[PDB]
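Only one chain is included here, represented as C-alpha cells and corresponding to the form deposited without the partner chain.
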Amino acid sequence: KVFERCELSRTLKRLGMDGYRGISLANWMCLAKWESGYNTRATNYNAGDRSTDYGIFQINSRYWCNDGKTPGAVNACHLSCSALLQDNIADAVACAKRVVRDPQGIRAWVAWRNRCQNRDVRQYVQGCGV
C-alpha cells in the first residue's frame, strides 16, 4: 500500500509513534517519506552485504527481521521480514520502535541523517490534524 501523507501521520499517531523515545511524528514522517515514499511493499537488496531492506521504513534484515537468506543475520524484532511488507503497518511500527530503543535512536537510518536531521520537518505533518 502507498499511504497518502496525512493518512499516514494519523496512522502513526494512533500507533503511538508521536514522541516515542523523544522522536516527533514529523521525524517519522520524514523518515518514511525518504525511505520508501510511504510504500509498505518497498524492498531494496544490498548486493554488497547480501541483506535486504523491507517496508515503509526499509528495515534491514541483517539485524532486525528474519528472511532466512542473510548470512550471520539476527532478528532483533523477532519477526519474519514478510511482516514488514503488510498494508497494515502495526508490525513495522513495533519494529521501528525496537530500532530506536538502541543507542543511536532515529539516527539508525542514514537517510534520516541525510534528509531529516537539522531540517525543517514541520511540513511533513502540516494540515494533517495530528
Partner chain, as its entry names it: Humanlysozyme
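Numbering follows the first chain given and starts at 1.
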Return whichever of 71-79 and 88-96 has the greater mean Cα B factor according to the PDB record.
71-79
Mind pulling up the entry and telling me whether 48-56 or 100-108 has the higher mean Cα temperature factor?
100-108
Would you please rank residue 28 by its C-alpha temperature factor against the other modelled residues of its chain and give the third it falls in: lowest, middle or highest?
lowest
Based on the entry's values, in what third of the chain does the Cα temperature factor of residue 118 lie: lowest, middle or highest?
highest
Mind checking which third residue 39 falls in for C-alpha B-factor across the chain?
lowest
What third of its chain's C-alpha B-factors does residue 130 belong to: lowest, middle or highest?
highest
